[PDB]
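Visitor: Below is the structure I would like to discuss, written out as structure tokens.
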Amino acid sequence: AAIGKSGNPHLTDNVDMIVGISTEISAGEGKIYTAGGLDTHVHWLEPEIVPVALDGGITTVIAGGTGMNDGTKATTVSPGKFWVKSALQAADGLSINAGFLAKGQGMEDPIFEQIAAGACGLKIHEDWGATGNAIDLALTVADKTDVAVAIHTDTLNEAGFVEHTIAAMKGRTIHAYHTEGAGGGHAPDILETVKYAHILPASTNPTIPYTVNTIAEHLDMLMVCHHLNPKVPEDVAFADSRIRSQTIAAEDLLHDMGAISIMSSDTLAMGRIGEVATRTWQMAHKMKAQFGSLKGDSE
Amino acid sequence: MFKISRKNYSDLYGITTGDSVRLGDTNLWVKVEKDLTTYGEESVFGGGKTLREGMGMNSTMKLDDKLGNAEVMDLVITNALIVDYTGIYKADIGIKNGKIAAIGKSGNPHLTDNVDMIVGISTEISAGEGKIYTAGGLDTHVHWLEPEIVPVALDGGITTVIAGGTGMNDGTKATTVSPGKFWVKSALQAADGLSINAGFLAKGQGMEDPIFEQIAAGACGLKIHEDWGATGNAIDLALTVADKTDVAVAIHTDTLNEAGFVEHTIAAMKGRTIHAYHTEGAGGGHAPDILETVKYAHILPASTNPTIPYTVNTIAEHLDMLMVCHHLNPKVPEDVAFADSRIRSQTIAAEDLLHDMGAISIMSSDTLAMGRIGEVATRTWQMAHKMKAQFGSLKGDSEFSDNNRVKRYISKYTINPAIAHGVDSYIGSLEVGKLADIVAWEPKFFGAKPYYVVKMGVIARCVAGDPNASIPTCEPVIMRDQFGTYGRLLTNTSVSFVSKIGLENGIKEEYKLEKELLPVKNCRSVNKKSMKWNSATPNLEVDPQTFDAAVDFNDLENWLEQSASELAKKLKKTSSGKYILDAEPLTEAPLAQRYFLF
Amino acid sequence: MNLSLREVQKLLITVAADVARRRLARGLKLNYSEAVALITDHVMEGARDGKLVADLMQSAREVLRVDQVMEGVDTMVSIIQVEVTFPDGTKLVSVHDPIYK
Amino acid sequence: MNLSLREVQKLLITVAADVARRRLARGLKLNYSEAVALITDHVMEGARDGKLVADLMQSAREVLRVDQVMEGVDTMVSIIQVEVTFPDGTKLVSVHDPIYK
Amino acid sequence: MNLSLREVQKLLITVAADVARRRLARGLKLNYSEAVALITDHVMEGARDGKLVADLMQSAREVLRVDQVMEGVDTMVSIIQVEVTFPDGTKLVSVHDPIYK
Amino acid sequence: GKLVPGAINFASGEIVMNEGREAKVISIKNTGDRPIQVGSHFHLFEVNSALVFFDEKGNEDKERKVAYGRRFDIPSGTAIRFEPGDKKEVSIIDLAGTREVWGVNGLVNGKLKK
Amino acid sequence: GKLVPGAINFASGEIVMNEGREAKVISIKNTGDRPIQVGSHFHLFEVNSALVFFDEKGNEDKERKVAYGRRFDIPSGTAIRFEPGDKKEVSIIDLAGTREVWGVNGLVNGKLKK
Ligand code: NI
Ligand code: NI
Ligand code: NI
Ligand code: NI
């Protein structure tokens, strides 16, 4: 209701908010107060992500999924009216602010009926097919319904390169999930989305601290996630070209410059929901240790 | 057109027709009887895989659209190995509106021939390749004592309980009885906030009016326990009300023979169907010939799990149980005589053979009074393992195919208990039109630890790890409550079973129940011949002096791969032309210390 | 690990018995809860070893003497009961008057 | 202590691994859960020590031999995964076929 | 055992302090949570032994030195408070600046 | 032998995928500077424009007339990878069902021309 | 002495049960081949048919007139066990209250005949 000086106007000057008989007091002296964090890349897999997120300073999730199903394990998608309703009903008994995303694929009517069921946005994942038609029709429906669109772009470049996806966007605003591309996205130039004015680029926390343990951890992550046998040349070629120290290192600097705007987690699919703030500040630490004070800052 | 080896095929989609997989660490094998897919058109979800927009996933039809008889599903389980009384086979499972809507081939009809269920935009995918899927189990002998039996039951693959009780009261500690309108209402109100299907039994004693009003209050059946008095009047009058109200009746017969012998109890039934709880009689029942109920057509015989695996530790464990349960002082001759004539290795061992024959149809637990709610499935397959080891393959089975035995045993805790209490039209098997109560098992964990438990298309409990982890398989990997236990989803993914008269009385509004109430039906018209694979009625006689249990020579026919004549050379002969059912107790069991911490 | 709920809650006994075991080593006389936990852990680990149920009902009575517990604790522990996974499956072990002599 | 939920729940691994270690010290062949808990505890303590992730992926495969576990357990433990706080933050360690030779 | 909820929840301290003690034995510098858990466990076991409250408030300050914890941890642990069952009933023990010198 | 929980026993014989669906052998070349990978059921007529098709006689097919209405003849859910500058021989088969393609790249969005 | 938590101190004297209820001494014989045990408040007229009653003079009573409207004179909740072929002397007393038996074996289901 107010931000300023509290007390009794009867005895004190310039009182903006009144401590009265019906007022409770919390002593914030010596403590730092921030707004609750938002995690916009959450796989809706198990309920105990809620207490973990609150343990990390997160009060709101924009999630998608059906529980411990493989489709949810891969993508943040609550497909259709049944699963959107189930997500809302489950969130009704959890202490967190929640919105949910539907499947951004197919023709106009199947996409629209998901939004009519209450979905606050759409997620385009390549595991469901991140093609030009999907991008175009999801964006059309979102423009008709005033909801957001997030994308997990085609990593295989199967239906086109990154420029094909950008052209299919047609200048409509999109939310670029994990734009660095370690866990998914056009190999290897998805990071270039940070140059376009109609894209909101977001990063997931697993790569956000570039650390000594990142490369081996992520390489084994990929060898496990897609059953990549380290004996067939195709799997090793697809993995070694997908975990790049170059883009992982450049992502932190892009965050420091302000080229990447949003921090997220990719909960229980590639990242950690309880660390969104932590790693963020860790990144802010690392940059300061390596490039000094940001412009306008002092000792 | 090309060719693929079976090993490479199973790596991609799981095993197919002709292949066999071992159930856990037991000696049992199940062989794929048929495959409902088309080779080269399997539905697989993943990055750059079949189920994507326009390729394997239809992109035009809406959730309510139809193309022929096919519909867009809410959830499809691809490449599931179904183990059911109907068969053991590979197929996709389609779930819509919380029910099994289709079993067959999934995909996009625009690109694939013979599509029975359509993967559409509003469809979620669960990859069932390499895993075994069975219907959720039913536990029909549960004492309603503490709420934590629900997560334990789900950890054992049990999705439905037919229970009775009032909490931790001594009446409930002894009997499965929710007495009267209040305690039936309290049981339904408490169940309203638990993720399990539940129905409750009232007190089957007294005159017609006191019994009837309990059923009008919503009780789905009646339990006759000797601790309340299992007399002739109680048996007659409880059955009279149940026939008027179409509810089931279960009995804990008079152990003391105080008002008659077992024949007196049978005569009072007058041919009306009854559910014989723990018919072996270790924990209660006419001493010592209660096991003879397996010969009557109007009796559905059930066993509780504590005695079901006859093991080296059974007698010592059970002998001490009664001395504590009924304060039997081992200093007065009456207490010892009452217990020494009640724990009989003869009937305990013979009970296992009757299960293998199909004479006993239902497996149960007797939760927290004599048995274990989390071990209904585990001890069922342990007994199946023991019978194979001691008597060989069941009739019609082969080296890598125990399908006949598996179907017979899985029926004991899935479909036969459902038929007995009249809920088989809703649950009890994996068939179209039934509730989507599905339990997934990894084959190395089959019968010990389920992979996930689905309640009406929504996962209620599953194996899951560190919520902060980057992947859902990080230690500590434990069984955790899922979204199906939260919010309105808790009251959307399970039901309460009540009597028809109670449902017509508007108990849902009166009790302020949020769950859907489903009425039981066809409880009176079923008998022993209704049970699947367990409709045998051998001429079982228990010797009043030696407690031996014997059957006729023809009762051993069509049982095992070895003929009755060969079996006649191993079972002992009585003075008459009968053969004593017996076997050595098990020393090491599967689904055991190899799996469970403590 | 794939721990069911019944396995997880039994880890409570392990920690409580560990507390009792350390306190006994310091020369402390065990109270009611410490004594029950220590005797239970002997039964649980004995069943894991493969002992018979009958053996454990007798050997659990030699874990603690009267002089190793506080006054009146021996009369308070009338019975201890716990179910463990034996080689042949889960079985119940009941210990009658474990703290005697 | 100011323990978050993940920290609290990770103590279950510690307790289960203590149970497994005591049972191994008695000459018992470990089952699936005991082996998994012991390997996970090794990984967690190594991460606390400051080892690299790859070093732990390689060294968690020497905690248990095939002859120290029950028959079939080595084929049962295909992979073990756990996330720990390394000096540089939280990292995931995955051990493939830890029980060999 | 007949454990009340507070007794059950106090076993978390026992487990965390066991972890801290084992890590201290390996020569590791303890962090905030490990130091707090170890000091709390010392206080709890001393109260079980029968020490006076003042004795514990003074002796919990010698459990850990500054050199045995990570930099800044000594300034982080301003106070540690815990309630234990002394011979005369439940009492509160507060330790002020336990990590000094 | 060794007791392996959940062991698998295989039957005798091989499995025939896409039986009765005659396949054609063609060539695909990646002309872009980034790798491409195409799944089994992706409509080959709508793949990345950097892919160049060569018909059964080896001649280049600029209008992709050989790829119209066809997919790879490979196990369902698998994929074929083309590195930059790489040219692979592949096997293709006609699509089945009602033979309509909706979505993908929006190049058909209807019944395939007969 | 020794501190026993929840110890019991007993008063001086015995407790007289069923005071004023004069008891009759009769005999019951089990003729079946299985044991029979009868509770304190069970209507003795409706016990197992294998039990054979003998009146206070020792003569057999085929119609159980000595057991009509009577129960055992034993502590409430206890029972008397009859092994096969065993004949015990027992003490019985008349039922109290409004003297109606409803249920049991359904032999009375109403007021006892006066
Ligand atoms: Ni993604
Ligand atoms: Ni994601
Ligand atoms: Ni019973
Ligand atoms: Ni019972």
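Every chain in the structure tokens has a letter given in the order shown (A, B, ...), and although residue numbers restart at 1 in each chain, ligands are simply numbered from 1 in the order shown.
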Counting only C-alpha atoms and all ligand atoms, what residues are within 7 Å of ligand 1, given as a PDB file with C-alpha atoms, in the first residue's frame?
Guide:
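The file below, part-v3.pdb, is the result:
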```pdb
ATOM      1  CA  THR A  75       9.109 -30.221 -22.206  1.00  0.00           C
ATOM      2  CA  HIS A 125       9.476 -27.471 -27.892  1.00  0.00           C
ATOM      3  CA  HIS A 152      12.801 -24.478 -27.471  1.00  0.00           C
ATOM      4  CA  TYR A 177      14.287 -20.332 -23.538  1.00  0.00           C
ATOM      5  CA  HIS A 178      17.938 -21.106 -22.676  1.00  0.00           C
ATOM      6  CA  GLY A 183      20.343 -28.061 -23.364  1.00  0.00           C
ATOM      7  CA  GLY A 184      18.675 -27.328 -26.693  1.00  0.00           C
TER       8      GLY A 184
END
```
Visitor: RMSD over all C-alpha atoms, chain F superposed on chain G in order?
Guide: 0.1 Å
Visitor: List every residue of chain A that has an atom at most 10 Å from any atom of chain F, and for each one report the closest atom pair and its distance in Å to one decimal, counting only C-alpha atoms, with rows sorted by chain and then by increasing residue number, as CSV.
Guide:
```
residue,atom,partner,partner_atom,distance
A:105,CA,F:103,CA,8.2
A:106,CA,F:103,CA,6.1
A:107,CA,F:103,CA,7.2
A:129,CA,F:104,CA,7.8
A:130,CA,F:104,CA,8.6
A:131,CA,F:104,CA,5.8
A:132,CA,F:105,CA,5.2
A:133,CA,F:105,CA,5.3
A:134,CA,F:103,CA,7.0
A:135,CA,F:105,CA,9.8
A:136,CA,F:106,CA,9.6
A:137,CA,F:103,CA,9.4
A:155,CA,F:36,CA,8.9
A:156,CA,F:37,CA,5.2
A:157,CA,F:36,CA,5.2
A:158,CA,F:38,CA,5.3
A:159,CA,F:48,CA,4.4
A:160,CA,F:48,CA,4.4
A:161,CA,F:48,CA,7.4
A:164,CA,F:48,CA,9.0
A:168,CA,F:105,CA,9.8
A:186,CA,F:34,CA,9.6
A:187,CA,F:34,CA,7.6
A:188,CA,F:34,CA,8.0
A:189,CA,F:34,CA,9.4
A:234,CA,F:81,CA,7.2
A:235,CA,F:81,CA,9.7
A:237,CA,F:83,CA,9.4
A:238,CA,F:35,CA,8.8
A:241,CA,F:35,CA,9.5
```
Visitor: Keeping only C-alpha atoms, write those residues as a PDB file, in the first residue's frame.
Guide:
```pdb
ATOM      1  CA  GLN A 105       1.865 -26.991 -32.176  1.00  0.00           C
ATOM      2  CA  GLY A 106      -0.723 -27.867 -34.791  1.00  0.00           C
ATOM      3  CA  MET A 107      -3.475 -25.877 -36.452  1.00  0.00           C
ATOM      4  CA  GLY A 129       8.284 -30.347 -33.291  1.00  0.00           C
ATOM      5  CA  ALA A 130       9.599 -26.776 -33.407  1.00  0.00           C
ATOM      6  CA  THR A 131       8.812 -26.154 -37.058  1.00  0.00           C
ATOM      7  CA  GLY A 132       7.884 -23.041 -39.013  1.00  0.00           C
ATOM      8  CA  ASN A 133       4.176 -23.876 -39.007  1.00  0.00           C
ATOM      9  CA  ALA A 134       4.208 -24.362 -35.230  1.00  0.00           C
ATOM     10  CA  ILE A 135       5.932 -21.013 -34.643  1.00  0.00           C
ATOM     11  CA  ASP A 136       3.651 -19.127 -37.035  1.00  0.00           C
ATOM     12  CA  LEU A 137       0.376 -20.589 -35.772  1.00  0.00           C
ATOM     13  CA  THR A 155      18.480 -28.182 -32.291  1.00  0.00           C
ATOM     14  CA  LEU A 156      18.832 -30.615 -35.206  1.00  0.00           C
ATOM     15  CA  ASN A 157      18.267 -27.824 -37.782  1.00  0.00           C
ATOM     16  CA  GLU A 158      15.914 -30.383 -39.300  1.00  0.00           C
ATOM     17  CA  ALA A 159      13.400 -27.976 -40.876  1.00  0.00           C
ATOM     18  CA  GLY A 160      15.740 -24.991 -41.187  1.00  0.00           C
ATOM     19  CA  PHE A 161      18.509 -23.029 -39.538  1.00  0.00           C
ATOM     20  CA  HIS A 164      14.440 -19.818 -40.676  1.00  0.00           C
ATOM     21  CA  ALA A 168       8.931 -17.642 -39.120  1.00  0.00           C
ATOM     22  CA  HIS A 186      19.739 -24.315 -33.035  1.00  0.00           C
ATOM     23  CA  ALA A 187      23.259 -25.736 -32.998  1.00  0.00           C
ATOM     24  CA  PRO A 188      25.380 -23.797 -32.615  1.00  0.00           C
ATOM     25  CA  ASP A 189      24.158 -20.250 -33.308  1.00  0.00           C
ATOM     26  CA  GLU A 234      26.976 -39.706 -34.605  1.00  0.00           C
ATOM     27  CA  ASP A 235      26.079 -39.395 -30.912  1.00  0.00           C
ATOM     28  CA  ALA A 237      29.489 -35.651 -32.842  1.00  0.00           C
ATOM     29  CA  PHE A 238      26.058 -34.384 -31.784  1.00  0.00           C
ATOM     30  CA  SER A 241      29.231 -29.816 -30.921  1.00  0.00           C
TER      31      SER A 241
END
```
Visitor: May I ask you to extract the residues of chain D within 8 Å of chain E, using only C-alpha atoms, and to give them as a PyMOL selection string?
Guide: chain D and resi 1-3+8+11+14-15+49
Visitor: What parts of chain E does DSSP call strand (DSSP E or B)? I'd like the answer as an NGL selection string.
Guide: :E and (30 or 69 or 79-86 or 89-96)
Visitor: Which residues sit within 8 Å of ligand 4, counting only C-alpha atoms and all ligand atoms, listed as a PDB file with C-alpha atoms, in the first residue's frame?
Guide:
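For reference, pocket02.pdb as written:
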```
ATOM      1  CA  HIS B 141      -9.372 -56.744   4.181  1.00  0.00           C
ATOM      2  CA  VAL B 142      -8.140 -53.455   5.671  1.00  0.00           C
ATOM      3  CA  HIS B 143      -8.513 -52.245   9.252  1.00  0.00           C
ATOM      4  CA  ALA B 174      -9.861 -56.384  16.129  1.00  0.00           C
ATOM      5  CA  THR B 175     -12.483 -56.014  13.375  1.00  0.00           C
ATOM      6  CA  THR B 176     -12.962 -54.217  10.053  1.00  0.00           C
ATOM      7  CA  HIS B 252     -14.791 -63.760  10.429  1.00  0.00           C
ATOM      8  CA  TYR B 277     -11.945 -63.643   5.171  1.00  0.00           C
ATOM      9  CA  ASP B 366      -5.718 -57.870   7.164  1.00  0.00           C
ATOM     10  CA  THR B 367      -4.038 -54.491   7.557  1.00  0.00           C
ATOM     11  CA  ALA B 369      -4.418 -56.571  12.714  1.00  0.00           C
ATOM     12  CA  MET B 370      -2.659 -59.687  11.405  1.00  0.00           C
TER      13      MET B 370
END
```
Visitor: Mind checking which residues fall within 9 Å of region 16-20 of chain G, counting only C-alpha atoms, ignoring those fewer than 6 positions away in the same chain, and posting them as a PyMOL selection string?
Guide: chain G and resi 73-75+93
Visitor: With a distance cut-off of 8 Å and only C-alpha atoms, select the neighbouring residues of residue 166 (chain B), excluding the residue or stretch itself and same-chain residues fewer than 5 positions from it, and output the selection as a list in words.
Guide: residues 144, 145, 171, 172, 177, 178, 183, 186 and 187 of chain B
Visitor: Measure the distance from CA of residue 275 (chain B) to CA of residue 534 (chain B) in Å and round it to one decimal.
Guide: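 Rounded to one decimal, the two atoms are 14.2 Å apart.
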Visitor: Kindly provide, as a PyMOL selection string, all nucleotide and amino acid residues lying within 6 Å of ligand 2, counting only C-alpha atoms and all ligand atoms.
Guide: chain A and resi 75-76+266+269
Visitor: Once you count only C-alpha atoms, which residues of chain A turn out to be within 6 Å of chain B? Could you give them as a ChimeraX atom specification?
Guide: /A:46-49,69-71,79-80,89-90,92-93,106-107,110,127-129,268-274
Visitor: Quick check, in Å to one decimal: how far apart do CA of residue 134 (chain B) and CA of residue 81 (chain B) lie?
Guide: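 Taking CA of residue 134 (chain B) as the start and CA of residue 81 (chain B) as the end point, the length is 8.5 Å.
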Visitor: Please identify all residues of chain D having at least one atom at most 6 Å from any atom of chain B, considering only C-alpha atoms, and return them as a list in words.
Guide: residues 31, 32, 81 and 82 of chain D
Visitor: Which residue is closest to chain F? Choose from B:400, B:579, B:212, B:310 and count only C-alpha atoms.
Guide: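 Once distances to chain F are computed over only C-alpha atoms, the minimum belongs to B:400.
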Visitor: Find the distance between CA of residue 140 (chain B) and CA of residue 443 (chain B) and write it in Å to one decimal.
Guide: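 Spanning CA of residue 140 (chain B) to CA of residue 443 (chain B) is a straight-line distance of 26.3 Å.
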Visitor: Which neighbours of residue 39 (chain C) fall inside 8 Å, counting only C-alpha atoms, when residues of the same chain fewer than 2 positions from it are skipped, and could you give them as a list in words?
Guide: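 Everything that qualifies: residues 35, 36, 37, 41, 42, 43, 60, 63, 64 and 98 of chain C.
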Visitor: May I have the selected residues written with N, CA and C atoms, as a PDB file, in the first residue's frame?
Guide:
```pdb
ATOM      1  N   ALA C  35      16.481 -47.234  25.640  1.00  0.00           N
ATOM      2  CA  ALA C  35      16.517 -48.686  25.782  1.00  0.00           C
ATOM      3  C   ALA C  35      15.718 -49.376  24.683  1.00  0.00           C
ATOM      4  N   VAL C  36      14.523 -48.864  24.380  1.00  0.00           N
ATOM      5  CA  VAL C  36      13.686 -49.481  23.353  1.00  0.00           C
ATOM      6  C   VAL C  36      14.364 -49.398  21.990  1.00  0.00           C
ATOM      7  N   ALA C  37      14.946 -48.241  21.668  1.00  0.00           N
ATOM      8  CA  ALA C  37      15.618 -48.081  20.383  1.00  0.00           C
ATOM      9  C   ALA C  37      16.812 -49.018  20.254  1.00  0.00           C
ATOM     10  N   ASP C  41      17.194 -52.062  17.418  1.00  0.00           N
ATOM     11  CA  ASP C  41      18.246 -52.085  16.408  1.00  0.00           C
ATOM     12  C   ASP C  41      18.975 -53.423  16.393  1.00  0.00           C
ATOM     13  N   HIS C  42      19.123 -54.056  17.558  1.00  0.00           N
ATOM     14  CA  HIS C  42      19.718 -55.387  17.605  1.00  0.00           C
ATOM     15  C   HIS C  42      18.872 -56.389  16.830  1.00  0.00           C
ATOM     16  N   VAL C  43      17.548 -56.312  16.990  1.00  0.00           N
ATOM     17  CA  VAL C  43      16.653 -57.214  16.270  1.00  0.00           C
ATOM     18  C   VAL C  43      16.718 -56.949  14.770  1.00  0.00           C
ATOM     19  N   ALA C  60      17.519 -60.758  22.012  1.00  0.00           N
ATOM     20  CA  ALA C  60      17.218 -59.366  22.317  1.00  0.00           C
ATOM     21  C   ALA C  60      17.034 -59.120  23.809  1.00  0.00           C
ATOM     22  N   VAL C  63      20.558 -57.697  25.504  1.00  0.00           N
ATOM     23  CA  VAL C  63      21.164 -56.445  25.065  1.00  0.00           C
ATOM     24  C   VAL C  63      21.439 -55.529  26.252  1.00  0.00           C
ATOM     25  N   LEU C  64      20.489 -55.427  27.181  1.00  0.00           N
ATOM     26  CA  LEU C  64      20.594 -54.506  28.303  1.00  0.00           C
ATOM     27  C   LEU C  64      20.260 -55.217  29.604  1.00  0.00           C
ATOM     28  N   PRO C  98      12.433 -57.638  27.827  1.00  0.00           N
ATOM     29  CA  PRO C  98      13.837 -57.718  27.391  1.00  0.00           C
ATOM     30  C   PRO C  98      14.842 -57.332  28.462  1.00  0.00           C
TER      31      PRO C  98
END
```
Visitor: Write out as a VMD selection string each polymer residue whose atoms come within 12 Å of residue 289 (chain B), counting only C-alpha atoms; drop sequence neighbours fewer than 4 positions from it.
Guide: (chain B and resid 253 to 257 261 to 263 265 to 266 279 to 282 284 to 285 293 to 295 341 to 342 344 346 to 347 540 to 550) or (chain G and resid 33 to 35)
Visitor: Starting from chain F, keep only residues with some atom at most 7 Å from an atom of chain D, counting only C-alpha atoms, and report them as number ranges by chain.
Guide: F: 3-5
